[PDB]
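Novice: Input: one structure, supplied below.
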Amino acid sequence: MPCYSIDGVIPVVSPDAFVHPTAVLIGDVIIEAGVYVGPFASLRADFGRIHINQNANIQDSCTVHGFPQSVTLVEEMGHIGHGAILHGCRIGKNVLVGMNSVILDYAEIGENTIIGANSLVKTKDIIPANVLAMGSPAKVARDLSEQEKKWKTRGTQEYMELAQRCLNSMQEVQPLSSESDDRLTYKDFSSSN
Amino acid sequence: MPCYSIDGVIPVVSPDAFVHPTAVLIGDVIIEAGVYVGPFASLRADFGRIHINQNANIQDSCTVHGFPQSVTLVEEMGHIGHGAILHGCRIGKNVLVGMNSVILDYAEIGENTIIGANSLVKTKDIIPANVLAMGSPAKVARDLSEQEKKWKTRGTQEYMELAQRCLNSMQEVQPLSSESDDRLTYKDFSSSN
Amino acid sequence: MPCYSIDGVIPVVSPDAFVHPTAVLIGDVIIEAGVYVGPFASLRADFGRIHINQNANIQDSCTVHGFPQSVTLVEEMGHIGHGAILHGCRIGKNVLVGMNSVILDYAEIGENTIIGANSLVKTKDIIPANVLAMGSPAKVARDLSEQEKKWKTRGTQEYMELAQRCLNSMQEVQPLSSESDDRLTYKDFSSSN
Ligand SMILES: [Ca+2]
Ligand SMILES: [Zn+2]
Ligand SMILES: [Zn+2]
Ligand SMILES: [Zn+2]
């Protein structure tokens, strides 16, 4: 069971979201439809609230937390890369937070923006829409190209389809002990076509 | 069960500490009273010993490890931020290790010091007491203000109370499938008063 | 059970590898003999394939992932440090990827090379054999010394022995509630001799 209450406060999870059985949701976490929450994601709403809006994804070993009475918000189609940490911040619609990046309290990321991997967005920093920001600490570098925004959108659509594939077919299994010529492989994923 | 033995060596956990059921304690880990160990914290004492002293906290997806026959020590009121990695080091009393930072072997952090997020403290580095150090690799920047030390203390007191709240009331639950007007929320946490 | 299928694709795990019960293997992951997979390692082969070759190790809260139809490869004696993230890349034989580092898509790391902790290897970067590379973003700094390569080899041999120790003796246990003079400790690990 990935969900835990604290002080009687129970997570809310849309039946149309996928939460991997190894993630942890604590306290006042609200997950909307279409969301993918990956392995070892910790959505810990024991000091404040966390709200993950529709069609967003939270990837592996990501952490979402905040200070007392904070609200940590990931808006629609937010795309939180592996190992990123979101603390008391607002992630705008269709933002990409790069792998292993840290977004600190009261920061806000404007819509469609991309945060590079390994970045740190300082507390209270307001990053505008449609830009690339990177570094540790990060700063705004330039506007995104149209190609970059389409690439980002496609990547989030893959995670929207991933949530459905996982709700449809992910199950615990005993591993095989060797390969074989007849086993299903990554070539049998729909992405192969 | 978060505890695992190796070579017959069994973790020691104070009944007055909280270890989240999804953390992992392996081998010669000793946890003292008042400690909070969060989700997916890996306290892996399969090469050496780990000792976490009273009223300290280890946050989500943190890792504590060391080389063979090492001793990795977090002293009283040590505050290990989300995703930090402690390797074969000594964390002094009431230190704050910022989110996603790495502290390498034989490093020592003096009491009350704050390590910024996303930092790397090099092997064998000796950081004095009562300073701010940050960067990757990190260096000492300046002394802490009195206000900064009081802020840090308050944050660790929140985790001391968190361990008690979790021992008192954290339990596995089925999530709710939608919000409602009568559900308990983060506004019902004591921090609201 | 650490293994999950997706679209009917089942992980392959050598009976001579150790996968910690808290890791997660999804989809087309193939693990060869002698490998150690640590706590909260996420080997997520739901977009492409992951292949971990013999005597390699993947450490705590590491993530291995890739884009659709990618192949993410860790060659023999690859040594993936705590919290590192491997995305769609090729890790050469006997490479060390430092803690909390990110290796991006299509990058290749030549044999015996060492990537410093907290590094970022950019997409499509080709790092040669037998060097040290570090930084975020990283660059090649210098060749490794002979001493450095022997030190690295010894560290991977410790993980080769660790997999056997874990297959031999790691088990879930109730923790002890206090220390005692007769308990087994890290001094009873073979490394003590
Ligand atoms: Ca990290
Ligand atoms: Zn926090
Ligand atoms: Zn280690
Ligand atoms: Zn990925």
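Novice: Name the long-range amide H neighbours of B:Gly48: under 5 Å, sequence gap of 5 or more, or other chain; modelled H, no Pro or chain starts.
Specialist: The answer is B:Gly66, B:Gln69, B:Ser70.
Novice: Further question: Shielding by partners for B:9-19, please: the mean number of other protein chain Cβ atoms within 10 Å of each residue's Cβ. Working shown, then result.
Specialist: Working: counts 9, 8, 4, 8, 5, 3, 3, 1, 1, 0, 1.
Average per residue, whole number: 4.
Novice: Please work out whether the range C:1-83 counts as rounded, prolate or oblate from its C-alpha gyration tensor, where a ≥ b ≥ c are the square roots of the eigenvalues and a/c under 1.5 means rounded, while otherwise a/b larger than b/c means prolate and anything else oblate? Walk me through the intermediate numbers first.
Specialist: Details: a/c = 1.38, a/b = 1.29, b/c = 1.07.
Rounded, since a/c falls under 1.5.
Novice: Here's something else I'd like to know. Using only the Cα atoms of the range A:3-147, build the gyration tensor, take square roots of its eigenvalues as a ≥ b ≥ c, and label the shape rounded, prolate or oblate: rounded if a/c is under 1.5, else prolate if a/b is larger than b/c, else oblate.
Specialist: prolate
Novice: To one decimal in nm, how far is B:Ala129 from the same spot in the other copies, if labels go 7 Å from Cα toward Cβ? Please give the shortest first.
Specialist: Computed spacing set for this position: 5.3, 5.3 nm.
Novice: Next question. Provide a whole-number value for the mean count of partner chain Cβ atoms within 10 Å of the Cβ atoms in peptide A:32-44. Mind dumping the intermediate values first?
Specialist: Working: counts 0, 0, 0, 0, 0, 0, 7, 14, 14, 5, 11, 2, 7.
Whole-number average of other-chain Cβ neighbours for A:32-44 is 5.
Novice: Quick one: label points 7 angstrom along Cα→Cβ at B:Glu172, distances to the other copies in nm, smallest first?
Specialist: Result for B:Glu172, in nm, nearest copy first: 0.9, 0.9.
Novice: Is the C-alpha gyration tensor of the protein assembly as shown telling us rounded, prolate or oblate? Criteria: a/c under 1.5 is rounded; beyond that, a/b larger than b/c is prolate, otherwise oblate. Provide the component values of the computation, followed by the final result.
Specialist: Values: a/c = 1.19, a/b = 1.00, b/c = 1.19.
Note, shape of the protein assembly as shown comes out rounded.
Novice: For chain C, modelled as a Gaussian network with Cα springs under 10 Å, which listed residue fluctuates most, C:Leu73, C:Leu120, C:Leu176?
Specialist: C:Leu176
Novice: Can you compute 3J(HN,Hα) from phi for each residue in the range A:93-108, using the Karplus curve 6.51 cos²θ - 1.76 cosθ + 1.60 with θ = phi - 60°, rounded to whole Hz and x for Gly and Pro?
Specialist: For the range A:93-108, the Karplus-derived couplings read 4, 6, 6, 10, 9, x, 3, 6, 9, 10, 10, 9, 5, 6, 5, 9 Hz, x marking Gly and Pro.
Novice: How far is C:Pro15 from the same spot in each other copy, in nm, shortest first, if each label point sits 7 Å from Cα toward Cβ?
Specialist: Distances between equivalent label points, in nm: 4.3, 4.3.
Novice: How about the range C:78-162: which trypsin sites (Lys or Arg not before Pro) there are in a DSSP loop, with at most 15 other Cβ atoms within 10 Å of their Cβ? Present the calculation step by step, with values, prior to reporting the outcome.
Specialist: On the way: sites: C:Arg90, C:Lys93, C:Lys122, C:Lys124, C:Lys139, C:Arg142, C:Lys149, C:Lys150, C:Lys152, C:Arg154; in loops: C:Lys93, C:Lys122, C:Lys124.
Passing both the DSSP loop test and the Cβ count: C:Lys124.
Novice: What FRET efficiency comes out for B:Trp151 versus B:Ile126 if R0 is 25 angstrom and r is the Cβ-Cβ distance? Round to the nearest 0.05. Numbers along the way, then the final one.
Specialist: On the way: r = 25 Å, r/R0 = 0.99.
Calculated value: 0.50.
Novice: With contacts defined as alpha carbon pairs under 8 Å and 6 or more residues apart, what's the relative contact order of the range A:42-165 in percent? Walk me through the intermediate numbers first.
Specialist: Values: 357 pairs, mean separation 20.1, N = 124.
Relative contact order here is 16 percent.
Novice: Oh, and also: Using a 10 Å cut-off around each Cβ of peptide A:61-69, what is the average number of partner chain Cβ atoms that fall inside? Before the final figure, lay out the partial values.
Specialist: Details: counts 14, 5, 12, 2, 6, 1, 3, 9, 5.
Across the residues of A:61-69, the mean count of other-chain Cβ atoms within 10 Å is 6.
When we count neighbours, we look across all protein chains shown, and the Cβ atoms used for this are built from the backbone with ideal geometry, even at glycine. Coordinate-derived values only; no laboratory data.
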